[PDB]
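Here the structure comes first, spelled out in structure tokens, and everything after it is commentary.
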Amino acid sequence: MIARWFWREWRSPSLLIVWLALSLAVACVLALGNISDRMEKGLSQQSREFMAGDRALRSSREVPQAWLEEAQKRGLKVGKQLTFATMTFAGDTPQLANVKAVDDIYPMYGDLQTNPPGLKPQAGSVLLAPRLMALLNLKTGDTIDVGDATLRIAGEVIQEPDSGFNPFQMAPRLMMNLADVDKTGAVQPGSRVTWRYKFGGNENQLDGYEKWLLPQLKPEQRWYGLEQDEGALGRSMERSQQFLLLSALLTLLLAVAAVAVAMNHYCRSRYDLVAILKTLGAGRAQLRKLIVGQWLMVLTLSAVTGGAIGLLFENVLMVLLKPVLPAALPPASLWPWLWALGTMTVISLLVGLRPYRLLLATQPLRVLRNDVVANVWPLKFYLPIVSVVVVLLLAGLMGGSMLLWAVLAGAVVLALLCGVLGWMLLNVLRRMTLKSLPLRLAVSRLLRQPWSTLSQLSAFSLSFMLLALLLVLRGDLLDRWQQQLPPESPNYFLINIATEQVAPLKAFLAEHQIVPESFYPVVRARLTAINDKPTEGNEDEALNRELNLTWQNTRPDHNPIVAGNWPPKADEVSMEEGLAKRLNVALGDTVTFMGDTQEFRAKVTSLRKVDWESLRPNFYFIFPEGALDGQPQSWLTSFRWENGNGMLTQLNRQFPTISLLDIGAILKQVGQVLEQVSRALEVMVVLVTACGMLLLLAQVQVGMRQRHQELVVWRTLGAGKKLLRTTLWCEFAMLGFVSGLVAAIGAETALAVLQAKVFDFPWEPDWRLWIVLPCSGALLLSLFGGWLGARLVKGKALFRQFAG
Amino acid sequence: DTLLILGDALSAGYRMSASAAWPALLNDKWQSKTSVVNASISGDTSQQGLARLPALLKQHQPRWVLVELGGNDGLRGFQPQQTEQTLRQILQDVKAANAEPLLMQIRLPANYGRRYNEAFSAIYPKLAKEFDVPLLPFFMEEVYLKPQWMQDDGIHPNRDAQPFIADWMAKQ
Amino acid sequence: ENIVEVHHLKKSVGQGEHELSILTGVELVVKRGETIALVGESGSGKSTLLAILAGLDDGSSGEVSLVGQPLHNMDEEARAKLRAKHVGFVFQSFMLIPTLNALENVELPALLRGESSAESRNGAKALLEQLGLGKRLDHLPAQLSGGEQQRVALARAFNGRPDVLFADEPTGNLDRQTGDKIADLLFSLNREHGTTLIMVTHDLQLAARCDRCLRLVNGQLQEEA
Amino acid sequence: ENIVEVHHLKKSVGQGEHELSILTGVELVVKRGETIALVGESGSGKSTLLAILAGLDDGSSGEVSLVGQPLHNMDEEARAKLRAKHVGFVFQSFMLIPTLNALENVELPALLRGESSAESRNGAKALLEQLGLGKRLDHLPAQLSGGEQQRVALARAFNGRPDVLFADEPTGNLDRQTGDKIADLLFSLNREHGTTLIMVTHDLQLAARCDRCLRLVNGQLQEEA
Ligand SMILES: Nc1ncnc2c1ncn2[C@@H]1O[C@H](COP(=O)(O)OP(=O)(O)NP(=O)(O)O)[C@@H](O)[C@H]1O
Ligand SMILES: Nc1ncnc2c1ncn2[C@@H]1O[C@H](COP(=O)(O)OP(=O)(O)NP(=O)(O)O)[C@@H](O)[C@H]1O
Ligand SMILES: [Mg+2]
Ligand SMILES: [Mg+2]
């Protein structure tokens with residue numbers, strides 16, 4: 001009986017378009033969620049591999065073995081590493097070397113590359129850094145005395161995965177087996193030996209052992225993972241996670257808006273059927289069962305189709321992007337499934353609940369003749385309830401993150417602005433006279449039904465502002481990362497350079513065809529008093545440890561002056577904004593520094609932005625030339641060179657007192673991480689843009705379906721196809737222009753809030769958005785409407801299709 | 001009478017205020033009779049110490065000078081001949097300018113390598129005998145078996161060890 | 001005996017300037033078995049008066065009693081039950097289902113009454129074939145003419161088998177022969193089953209055929225024939 | 001002189017068993033100024049025959065010439081231009097816009113013709129007031145009766161001001177007085193502007209008033225009056 005009902009209704013155009021929109025939204029949301037979850041899992045896995053473990057425990061001495069026995073009983077894999085330093089001897093030449101000792105478990109995660117590759121730390125042989133090998137002029141197969149024991153040299157080490165990203169490890173790397181350490185006899189009380197403990201396994205047992213060890217923790221022990229790290233890479237990972245969550249939120253909201261519009265259209269369509277079924281006096285239970293059964297069948301079919309399409313789409317995307325993708329990601333969870341299904345069902349139910357009870361109470365005739373409906377549940381109370389419910393649901397889904405607060409603030413400000421500007425536009429248009437035909441036609445169409453115009457305007461505006469926010473955030477993140485990592489960054493550093501030694505060093509660089517950058521002077525001084533008040537007792541790190549003051553002559557390139565003037569004059573200093581805030585220092589304040597038992601005062605005359613993520617040298621204070629000439633000055637410099645290693649040994653022999661630092665491996669790893677995340681973000685933004693375009697197309701098609709009867713009446717009367725296309729172009733272009741105009745301010749507000757309280761970056765207004773968004777949205781909507789109208793106008797005897 | 005201190009963060013004060021460092025504590029203990037002034041700077045080399053030497057010598061002009069340098073040079077690793085010659089020149093300059101040098105016997109940690117540790121530790125008695133100056137012992141060994149007196153790195157003693165260091169130096 | 005009673009029924013539509021007064025107090029007494037015709041001009045309120053007489057809407061004021069039950073005192077559920085029990089209605093635009101065929105459209109009330117598919121389909125087929133619609137069983141209302149849709153609505157009303165039947169413009173879109181056949185069928189049903197009939201049409205002959213004739217002038221009913 | 005010419009026009013709807021033959025070859029000659037009435041029974045094909053005569057649809061076979069132009073040889077754009085230039089049509093369900101009021105509905109063709117708002121609104125108001133619809137300017141078709149909707153459709157057709165007017169059931173939902181007024185207005189327009197009129201109705205008197213009368217039997221036209 002009802003099977004034929006549903007089969008015939010599935011062919012009906014309105015139900016067909018509603019079901020298509022629902023299925024497309026479900027599929028796109030599910031695919032996006034699965035892709036985001038798999039990308040996040042891959043990022044976590046690669047972070048663990050970079051850390052060579054899942055949990056890290058660093059100790060200065062020996063921890064009790066009973067805890068490791070408990071971990072073994074729990075099944076977690078635990079590995080011990082011992083790091084220290086020694087003074088080895090290439091014949092007579094002494095040299096410091098950073099010795100590391102691991103078991104066979106290492107590498108627990110990631111991969112270790114040696115020279116030749118494939119070598120592993122084994123007994124009877126040791127490994128040296130290529131820089132160390134060149135410095136000691138040894139080679140593979142040689143025997144060297146490390147500590148107090150002589151062992152053969154297995155080879156060089158290309159790179160170790162667990163090498164800390166610390167640009168201060170001056171000691172060259174030495175590697176030896178953990179069993180041979182007692183051969184050297186270096187294990188003695190009072191030795192600076194660091195015990196690293198790597199833990200790997202399923203997160204359930206990880207949490208179990210973590211909570212088991214929590215009461216047993218000691219101050220000498222540092223237990224952590226990777227997200228808790230304050231390193232720049234960890235913060236970037238957190239930002240990427242927040243970006244993925246924001247993308248999920250945006251696609252969820254777009255799906256919500258699309259399905260809300262579809263449900264509104266469906267409920268308005270069902271009016272005639274409701275009226276006729278109520279006319280025959282059908283039982284309330286019977287009619288309720290019929291209507292809810294049809295609605296639930298539509299929802300179930302849409303959900304099944306969306307799930308199948310999402311799975312197929314994810315498989316196709318993984319197949320296509322595999323060469324671009326680093327490796328096969330681990331499978332994701334089923335949480336996106338529940339997210340999408342619950343979102344769809346809840347939104348549809350909340351949209352359709354009020355009309356159902358309203359038609360139950362209202363008499364069928366008043367519905368048929370559009371008489372005054374029963375004054376029950378006015379929209380003035382219905383809308384706030386819906387807003388509160390959806391806000392609570394989103395907060396429960398995403399744990400009440402501040403980004404959700406920013407998004408909802410943007411949404412509400414967009415809604416109020418849309419309402420006010422719509423009222424003003426209605427007044428002005430009623431005060432406006434025209435002369436062209438399609439303009440007047442579009443004006444009339446807008447004026448006749450203002451509420452549908454407001455709804456479509458709000459939907460288009462929210463979609464446009466969400467897309468603009470996504471694009472702007474992606475562009476800002478990419479630009480900031482590109483600024484932070486110049487591709488021409490130097491790969492070697494020279495420190496502890498003497499002022500008398502720079503000229504021989506400069507000649508050495510010039511002979512070696514090396515163009516050096518600015519030679520940073522360094523003076524070690526402490527900010528003792530601020531505004532004649534001593535800083536002792538303050539727990540701020542800058543007021544407790546030593547400060548590295550410096551002077552320059554050219555304006556900083558990566559530190560534009562936000563407040564103040566460049567350059568600072570005599571007794572004047574350019575200060576960092578963050579330090580000024582954290583030390584309650586304003587412009588013009590007197591800062592007193594003590595260095596080399598010499599006290600000097602300066603006036604804060606310039607506030608500057610400093611990003612510690614930048615690999616360039618950064619300072620909390622900048623002085624003009626001549627401010628600290630009398631203070632003792634060391635010198636720091638950096639250069640890029642990859643041609644051979646003999647010149648490095650020659651420089652070390654010529655300048656033994658000058659410290660040499662290698663950062664090549666760290667630079668390579670951070671570049672790999674940044675490019676991987678950049679590819680991930682680019683793919684994510686492309687797919688989100690595609691889904692947003694599809695949803696906008698669905699909404700425009702819904703609007704065309706709603707205007708189908710009047711369009712077909714016009715065509716029946718004899719309206720030209722060119723005239724209809726121009727009218728649609730004008731109407732949808734005006735709609736898109738207004739939507740983009742309001743979306744500009746909405747996106748500005750949301751971006752300001754999120755950048756202030758999520759991404760911790762300075763906010764700037766962009767007039768380029770204010771110009772591009774309205775015209776671009778208008779063009780997109782006009783093209784979509786023109787294509788849809790061109791498709792609809794095709795056919796013969798279209799007047800017979802007026803009813804449908 | 002004034003005592004000038006010229007060394008590393010062991011006396012400069014690693015990640016602590018100027019008053020938090022042990023030389024300030026010793027000055028507080030010796031306010032009445034003999035003031036103590038600290039001129040130590042972290043990370044200095046023998047050449048950098050020589051460069052900073054004239055300014056401190058002219059600014060302070062003390063009766064005694066505490067010269068504890070080369071420990072960080074040994075930690076980073078210098079060839080014995082070069083650092084020995086530089087320290088010899090520094091001591092000659094200190095004794096030339098009417099200032100009594102105080103050389104601290106520094107012994108590298110036993111894990112640093114027995115041969116180099118012995119070679120570097122044997123320098124200090126030779127210099128003390130040559131210049132006829134007292135050689136106070138390596139009191140960081142007294143901190144070797146005191147984890148509560150050290151930090152996470154194990155290189156610099158914590159603020160809790162600073163009173164102990166000041167007391168030990170007052171005894172010496 | 002009196003199945004329909006009306007006292008001071010008034011209806012007004014609109015607000016302020018848009019407000020319009022349709023009725024000025026209606027008094028009507030109708031017993032079982034009567035044939036009542038309504039006459040007037042277009043826009044005079046015959047359709048809305050018939051609709052509120054059927055109890056589907058509430059007027060501005062007045063008392064309406066159907067089969068000795070106060071419809072205004074009842075709720076929508078009781079009125080729906082009464083309609084499903086003894087009331088049938090025929091509109092002007094035929095209010096037909098676009099997604100259903102004629103046979104299913106006429107069989108639907110019997111299915112809603114819990115009758116089995118076989119007997120309901122047989123009765124629907126008989127009602128359609130006696131109206132000459134046996135060749136349009138699978139056709140849709142959009143695929144059919146206005147007269148065919150009117151006949152489908154009449155067949156659905158017949159399938160309802162009510163004791164009271166309100167119809168508006170039953171033969172407006174029919175030729176003389178089809179109108180005569182429909183009138184003969186309606187009169188035969190009224191004479192056999194005793195079903196009260198209230199028809200609104202502009203056909204003077206059909207109106208005269210009714211037992212009583214009322215003209216709607218200035219929101220008031222006047223006996224005419 | 002002959003404005004409408006029909007040769008062997010045939011129309012068939014359906015496929016296979018569902019296939020139905022509507023026309024069996026139509027030959028028709030109509031000059032300017034004639035009044036043509038169409039008679040028959042419901043479902044006989046009068047509506048579809050009139051619609052394909054207006055050129056809105058293509059039959060199974062045949063030649064149709066309107067104002068001396070082969071409609072079958074033209075595209076949809078040319079037919080739309082011809083309709084906007086000289087053709088007006090009146091349906092059975094009045095095909096009215098639910099989201100527009102009567103005044104805007106009748107003013108719409110003049111606006112589509114590029115006329116200014118003031119003159120178009122004045123003409124629409126005159127057409128509505130001469131039909132007695134001056135008190136329902138702001139009312140919606142759902143708010144109005146079927147006769148009011150029919151009058152709105154007729155007023156829209158009048159606002160089109162065509163040289164040829166096809167109408168189906170022009171006075172079906174009207175009383176005698178309103179039907180007489182509409183017929184008088186149509187005849188006056190035909191006699192003044194020379195506009196050809198082709199009306200399909202079941203009113204025998206109105207059909208006899210026309211210059212020619214054709215009955216549609218078994219998909220064929222027969223002269224009757
Ligand atoms: N919802 C409404 N809003 C405004 N006016 C209305 C509404 N419903 C009815 N009216 C007015 O009441 C009149 C009567 O409607 P109706 O009962 O259909 O007239 P009628 O004379 O029975 N027409 P017919 O049966 O076609 O000859 C309408 O024509 C309007 O003038
Ligand atoms: N889409 C369709 N599918 C199937 N049959 C159709 C379709 N359209 C029309 N028909 C058939 O063709 C017949 C003629 O339609 P129509 O032209 O409305 O008849 P008519 O005699 O002009 N009716 P009326 O004007 O109400 O007296 C219909 O009644 C159906 O039998
Ligand atoms: Mg009426
Ligand atoms: Mg017809």
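Ligands are numbered from 1 in the order shown, residues from 1 within each chain, and chains are lettered A, B, ... in the order they appear in the structure tokens.
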Test item: residues at most 10 Å from residue 7 of chain D, only C-alpha atoms, excluding those fewer than 5 positions along its chain, as a VMD selection string: chain D and resid 25 to 29 61 to 65
Suppose we keep N, CA, C and O atoms; can you now write the selection as a PDB file, in the first residue's frame?
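Result file follows (out03.pdb):
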ATOM      1  N   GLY D  25      -7.094  12.935 -36.970  1.00  0.00           N
ATOM      2  CA  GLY D  25      -6.950  13.816 -38.112  1.00  0.00           C
ATOM      3  C   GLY D  25      -7.905  14.989 -38.055  1.00  0.00           C
ATOM      4  O   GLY D  25      -9.124  14.806 -38.115  1.00  0.00           O
ATOM      5  N   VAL D  26      -7.368  16.200 -37.938  1.00  0.00           N
ATOM      6  CA  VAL D  26      -8.169  17.405 -37.774  1.00  0.00           C
ATOM      7  C   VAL D  26      -7.921  18.329 -38.957  1.00  0.00           C
ATOM      8  O   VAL D  26      -6.768  18.620 -39.297  1.00  0.00           O
ATOM      9  N   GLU D  27      -9.004  18.780 -39.585  1.00  0.00           N
ATOM     10  CA  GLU D  27      -8.959  19.783 -40.643  1.00  0.00           C
ATOM     11  C   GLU D  27      -9.818  20.962 -40.208  1.00  0.00           C
ATOM     12  O   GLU D  27     -11.022  20.805 -39.979  1.00  0.00           O
ATOM     13  N   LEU D  28      -9.205  22.138 -40.096  1.00  0.00           N
ATOM     14  CA  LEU D  28      -9.897  23.311 -39.582  1.00  0.00           C
ATOM     15  C   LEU D  28      -9.438  24.553 -40.330  1.00  0.00           C
ATOM     16  O   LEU D  28      -8.241  24.745 -40.557  1.00  0.00           O
ATOM     17  N   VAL D  29     -10.403  25.391 -40.706  1.00  0.00           N
ATOM     18  CA  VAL D  29     -10.149  26.654 -41.390  1.00  0.00           C
ATOM     19  C   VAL D  29     -10.887  27.752 -40.639  1.00  0.00           C
ATOM     20  O   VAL D  29     -12.119  27.720 -40.543  1.00  0.00           O
ATOM     21  N   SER D  61       1.068  14.032 -35.380  1.00  0.00           N
ATOM     22  CA  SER D  61       1.367  14.423 -36.750  1.00  0.00           C
ATOM     23  C   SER D  61       0.377  15.501 -37.164  1.00  0.00           C
ATOM     24  O   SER D  61      -0.637  15.727 -36.500  1.00  0.00           O
ATOM     25  N   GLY D  62       0.687  16.164 -38.270  1.00  0.00           N
ATOM     26  CA  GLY D  62      -0.178  17.180 -38.834  1.00  0.00           C
ATOM     27  C   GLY D  62       0.544  18.499 -39.027  1.00  0.00           C
ATOM     28  O   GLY D  62       1.687  18.690 -38.615  1.00  0.00           O
ATOM     29  N   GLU D  63      -0.164  19.418 -39.678  1.00  0.00           N
ATOM     30  CA  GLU D  63       0.332  20.756 -39.968  1.00  0.00           C
ATOM     31  C   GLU D  63      -0.557  21.774 -39.270  1.00  0.00           C
ATOM     32  O   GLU D  63      -1.785  21.728 -39.402  1.00  0.00           O
ATOM     33  N   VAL D  64       0.063  22.686 -38.526  1.00  0.00           N
ATOM     34  CA  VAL D  64      -0.643  23.756 -37.833  1.00  0.00           C
ATOM     35  C   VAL D  64      -0.026  25.081 -38.257  1.00  0.00           C
ATOM     36  O   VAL D  64       1.199  25.245 -38.219  1.00  0.00           O
ATOM     37  N   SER D  65      -0.872  26.019 -38.676  1.00  0.00           N
ATOM     38  CA  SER D  65      -0.434  27.346 -39.091  1.00  0.00           C
ATOM     39  C   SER D  65      -1.233  28.386 -38.320  1.00  0.00           C
ATOM     40  O   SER D  65      -2.466  28.395 -38.383  1.00  0.00           O
TER      41      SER D  65
END
Expected answer as a list in words: chain D residues within 7 Å of chain A, only C-alpha atoms: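 Residues satisfying the distance criterion: residues 56, 57, 77, 80, 81, 83, 84, 97, 114, 142 and 143 of chain D.
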Go ahead and write the residues just picked, N, CA, C and O atoms, as a CSV table (one decimal), in the first residue's frame.
chain,number,residue,atom,x,y,z
D,56,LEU,N,1.1,25.4,-27.9
D,56,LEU,CA,1.9,25.1,-26.8
D,56,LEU,C,2.4,23.6,-26.7
D,56,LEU,O,3.3,23.3,-25.9
D,57,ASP,N,1.9,22.8,-27.6
D,57,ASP,CA,2.3,21.4,-27.6
D,57,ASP,C,2.3,20.9,-29.1
D,57,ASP,O,1.6,21.5,-29.9
D,77,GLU,N,11.2,29.3,-28.7
D,77,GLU,CA,11.4,30.8,-28.5
D,77,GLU,C,10.5,31.6,-29.4
D,77,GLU,O,9.9,32.6,-29.0
D,80,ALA,N,7.0,31.3,-28.1
D,80,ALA,CA,6.8,32.2,-27.0
D,80,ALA,C,6.7,33.7,-27.4
D,80,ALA,O,5.9,34.4,-26.9
D,81,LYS,N,7.5,34.1,-28.4
D,81,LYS,CA,7.4,35.5,-28.9
D,81,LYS,C,6.0,35.7,-29.5
D,81,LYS,O,5.4,36.8,-29.3
D,83,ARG,N,3.2,34.2,-28.8
D,83,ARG,CA,2.3,34.2,-27.7
D,83,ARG,C,2.3,35.6,-27.0
D,83,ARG,O,1.2,36.2,-26.8
D,84,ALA,N,3.5,36.1,-26.7
D,84,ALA,CA,3.6,37.4,-26.1
D,84,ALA,C,3.1,38.5,-27.0
D,84,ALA,O,2.8,39.6,-26.5
D,97,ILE,N,-0.9,32.5,-9.7
D,97,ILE,CA,0.2,32.5,-8.8
D,97,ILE,C,-0.3,32.6,-7.4
D,97,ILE,O,-1.0,33.5,-7.0
D,114,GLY,N,7.2,45.4,-20.9
D,114,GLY,CA,8.0,46.6,-20.8
D,114,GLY,C,7.2,47.9,-20.5
D,114,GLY,O,7.9,49.0,-20.4
D,142,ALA,N,-5.7,32.1,-3.0
D,142,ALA,CA,-6.2,31.2,-2.0
D,142,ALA,C,-7.2,31.9,-1.1
D,142,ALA,O,-8.1,31.2,-0.5
D,143,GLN,N,-7.1,33.2,-0.9
D,143,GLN,CA,-8.1,33.9,-0.2
D,143,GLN,C,-9.4,34.2,-0.9
D,143,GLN,O,-10.4,34.7,-0.3
At most 6 Å from ligand 1 (only C-alpha atoms and all ligand atoms): residue list as a PyMOL selection string: (chain A and resi 369+371) or (chain C and resi 13-14+41-48) or (chain D and resi 143-147+173)
Mind checking DSSP for segment 41-137 of chain C and telling me the strand (DSSP E) residues as a compact mmCIF listing (two decimals) with N, CA, C and O atoms, in the first residue's frame?
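result_3.txt, freshly written:
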# COMPACT_ATOMS: atom_id res chain seq x y z
N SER C 61 -19.33 33.79 15.63
CA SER C 61 -20.21 33.47 16.75
C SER C 61 -21.36 32.62 16.22
O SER C 61 -21.58 32.52 15.01
N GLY C 62 -22.08 32.00 17.14
CA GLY C 62 -23.25 31.20 16.82
C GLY C 62 -23.15 29.80 17.38
O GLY C 62 -22.13 29.38 17.92
N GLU C 63 -24.25 29.07 17.23
CA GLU C 63 -24.38 27.70 17.69
C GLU C 63 -24.63 26.80 16.49
O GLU C 63 -25.53 27.07 15.68
N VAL C 64 -23.84 25.73 16.37
CA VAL C 64 -23.99 24.75 15.30
C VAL C 64 -24.13 23.38 15.94
O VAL C 64 -23.33 23.00 16.80
N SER C 65 -25.16 22.64 15.53
CA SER C 65 -25.41 21.29 16.04
C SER C 65 -25.56 20.35 14.85
O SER C 65 -26.41 20.56 13.99
N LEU C 66 -24.72 19.32 14.81
CA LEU C 66 -24.75 18.31 13.76
C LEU C 66 -25.08 16.96 14.39
O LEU C 66 -24.37 16.51 15.29
N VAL C 87 -19.91 11.77 7.79
CA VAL C 87 -19.85 13.00 7.01
C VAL C 87 -18.96 12.80 5.79
O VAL C 87 -17.86 12.24 5.90
N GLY C 88 -19.44 13.24 4.63
CA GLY C 88 -18.63 13.30 3.43
C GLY C 88 -18.68 14.69 2.83
O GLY C 88 -19.67 15.41 2.97
N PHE C 89 -17.59 15.07 2.16
CA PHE C 89 -17.48 16.42 1.62
C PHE C 89 -16.87 16.38 0.23
O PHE C 89 -16.01 15.55 -0.07
N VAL C 90 -17.34 17.29 -0.62
CA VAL C 90 -16.86 17.44 -1.99
C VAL C 90 -16.54 18.91 -2.22
O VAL C 90 -17.43 19.77 -2.15
Interface list for chain B, partner chain A, 8 Å threshold, only C-alpha atoms, as a PyMOL selection string: chain B and resi 14-17+38-41+45+47-48+51-52+56+75-79+109-116+141+143-145+152-155
Point-to-point distance in Å for atom CA of residue 195 of chain A and atom CA of residue 20 of chain B: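 Computed distance, atom CA of residue 20 of chain B to atom CA of residue 195 of chain A, equals 29.6 Å.
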Contact residues around residue 1 of chain C with only C-alpha atoms at 10 Å, ignoring same-chain residues under 3 positions, as a PyMOL selection string: chain C and resi 4+30-32+67-68
Residue among C:188, C:15, C:69, C:178 lying closest to ligand 2, counting only C-alpha atoms and all ligand atoms: C:178
Nearest to ligand 2, chosen from C:193, C:187, C:134, C:121, with only C-alpha atoms and all ligand atoms counted in the distances: C:134
Residue 134 of chain B surroundings by only C-alpha atoms, 12 Å radius, close-in-sequence under 5 positions cut, as number ranges by chain: B: 64-67, 100-105, 124-129, 172
One-decimal distance in Å that lies between atom CA of residue 71 of chain B and atom CA of residue 96 of chain B: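 Separation between atom CA of residue 96 of chain B and atom CA of residue 71 of chain B: 23.3 Å.
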Run DSSP on the backbone and grab whatever in segment 26-99 of chain D lands in alpha helix (DSSP H); send it over as a CSV table (one decimal) with C-alpha atoms, in the first residue's frame.
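That gives us part.csv:
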chain,number,residue,atom,x,y,z
D,46,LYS,CA,-11.4,19.6,-26.2
D,47,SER,CA,-8.9,21.0,-23.8
D,48,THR,CA,-5.8,19.3,-25.3
D,49,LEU,CA,-7.0,20.1,-28.8
D,50,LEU,CA,-7.4,23.7,-27.9
D,51,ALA,CA,-4.0,23.7,-26.2
D,52,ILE,CA,-2.2,22.2,-29.2
D,53,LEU,CA,-4.2,24.6,-31.4
D,76,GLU,CA,10.0,27.3,-28.5
D,77,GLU,CA,11.4,30.8,-28.5
D,78,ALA,CA,9.5,31.8,-31.7
D,79,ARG,CA,6.3,30.4,-30.3
D,80,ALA,CA,6.8,32.2,-27.0
D,81,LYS,CA,7.4,35.5,-28.9
D,82,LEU,CA,4.2,34.9,-30.9
D,83,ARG,CA,2.3,34.2,-27.7
D,84,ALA,CA,3.6,37.4,-26.1
D,85,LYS,CA,2.7,39.3,-29.3
D,86,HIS,CA,-0.8,38.2,-30.3
Point-to-point distance from atom CA of residue 622 of chain A to atom CA of residue 515 of chain A, Å rounded to tenths: 24.1 Å
Among the residues C:202, C:156, C:72, C:139, the one that comes closest to ligand 3 [using only C-alpha atoms and all ligand atoms]: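 Under the stated criterion, the closest residue is C:202.
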Among listed residues D:170, D:55, D:219, D:194, nearest chain C (using only C-alpha atoms): D:170
D:59, D:179, D:40, D:16 ranked by distance to ligand 2, top pick (using only C-alpha atoms and all ligand atoms): D:40
